[PDB]
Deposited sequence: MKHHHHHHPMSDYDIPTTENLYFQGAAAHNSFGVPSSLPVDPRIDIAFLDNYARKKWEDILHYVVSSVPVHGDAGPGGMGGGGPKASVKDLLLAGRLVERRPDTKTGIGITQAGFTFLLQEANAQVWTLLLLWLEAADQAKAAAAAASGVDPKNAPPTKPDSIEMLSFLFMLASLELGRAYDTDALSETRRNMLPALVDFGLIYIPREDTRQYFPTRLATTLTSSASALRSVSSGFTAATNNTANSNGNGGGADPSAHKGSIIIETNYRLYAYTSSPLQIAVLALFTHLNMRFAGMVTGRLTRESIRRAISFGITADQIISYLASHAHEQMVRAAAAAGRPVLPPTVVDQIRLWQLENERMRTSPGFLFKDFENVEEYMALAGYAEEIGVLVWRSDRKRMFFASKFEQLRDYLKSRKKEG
């Protein structure tokens, strides 16, 4: 009998508390354009911290750093200068779209409270607040006074996820970002076509169409993953297979560079380093010249 829309509407109406709009005047400089930039800057920091753990050779709050660590997205390493190392889930997280990344962090946030509850704000209270936020209007100011004490205690973790914006000047108002409004919506991709090349010759990529799967298979040891995702390792055999298809090392390097991950390019450009690892790029050319 009941569909997805029926169960959602039932869970949303289940709790009588809803978003009260602030009767107080709104600062003109807090527009939909500002809130989009704010939410973007919050997530760019989270993503930069994840990109920081990628092997080569001022950060988000403890509320974010710990959830990524406990969520096995980034493992603790006692050898690195940064003291952290990226996992398989970490690279998957990087290729995920904006909405999916928020739900990775949200579901882990819900999981952390129940684990702290079992050892002794619970899941029911947290979910109900997320359900309310999804029904809010983007750009509109809402009364913080109207929120319950438990819901008020959730705001610092929710601002850390770039879902809510509370001005330093007026704590009486809370602004939901585009991430809050569109949270449970859809009832122009961000990382489709991207390729991630590691220092250990490993590949992580989200193919645009099966044409890219066929293209990557010419020079990489592929293995199909969920949706358009593919994973593999660059070997002498795979690189020399490309030679038999008329693909040169120069064409391989130029393809991996042009199709590189947005955030990984950003971190490389901000430092004094090229996107693709130089050690790998030299080995791509060597294998193509290693013939008889």
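> Can you list the gaps, numbered from 1 on the deposited sequence, where no C-alpha is modelled?
Holes in the chain trace, numbered from 1: 1-14, 72-81, 145-159, 227-254, 360-420.
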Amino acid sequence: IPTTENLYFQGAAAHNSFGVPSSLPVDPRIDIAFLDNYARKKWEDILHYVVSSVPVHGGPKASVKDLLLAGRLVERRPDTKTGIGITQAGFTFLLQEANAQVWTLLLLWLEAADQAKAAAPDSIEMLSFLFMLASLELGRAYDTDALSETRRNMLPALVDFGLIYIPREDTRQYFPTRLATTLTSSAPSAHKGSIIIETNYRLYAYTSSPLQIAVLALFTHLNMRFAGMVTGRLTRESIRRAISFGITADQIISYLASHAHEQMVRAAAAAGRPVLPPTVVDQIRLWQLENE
From here on, numbers count along this sequence of modelled residues.
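> Report the stretch with the higher mean CA temperature factor, choosing between 148-156 and 212-220 on the basis of the entry.
Between 148-156 and 212-220, it is 148-156.
> Comparing 129-137 with 95-103, where is the mean C-alpha B-factor higher?
So the stretch with the higher mean C-alpha B-factor is 129-137.
> Among the choices 190, 196, 73, 163, identify the one whose CA B-factor in the record is greatest.
Within the set 190, 196, 73, 163, 190 shows the top C-alpha B-factor.
> Which one of 205, 179, 108, 116 shows the biggest C-alpha B-factor in the PDB entry?
Comparing C-alpha B-factors across 205, 179, 108, 116, the top value belongs to 116.
> Sorting the chain's modelled residues by C-alpha B-factor, tell me whether residue 66 ends up in the lowest, middle or highest third.
For residue 66, whose C-alpha B-factor we compare with every modelled residue in the chain, the answer is the highest third.
> Could you tell me which third, lowest, middle or highest, the C-alpha B-factor of residue 267 occupies within its chain?
Tercile = middle for this residue's CA B-factor.
> Please say which third, lowest, middle or highest, residue 247 falls into when its CA temperature factor is compared across its chain.
It falls in the middle third of the chain.
> State the tercile, meaning the lowest, middle or highest third, of residue 241 with respect to the CA B-factors recorded for its chain.
Middle third.
> For residue 57, does the deposited CA B-factor place it in the lowest, middle or highest third of the chain?
Within its chain, residue 57 is a highest-third residue by C-alpha B-factor, going by the deposited values.
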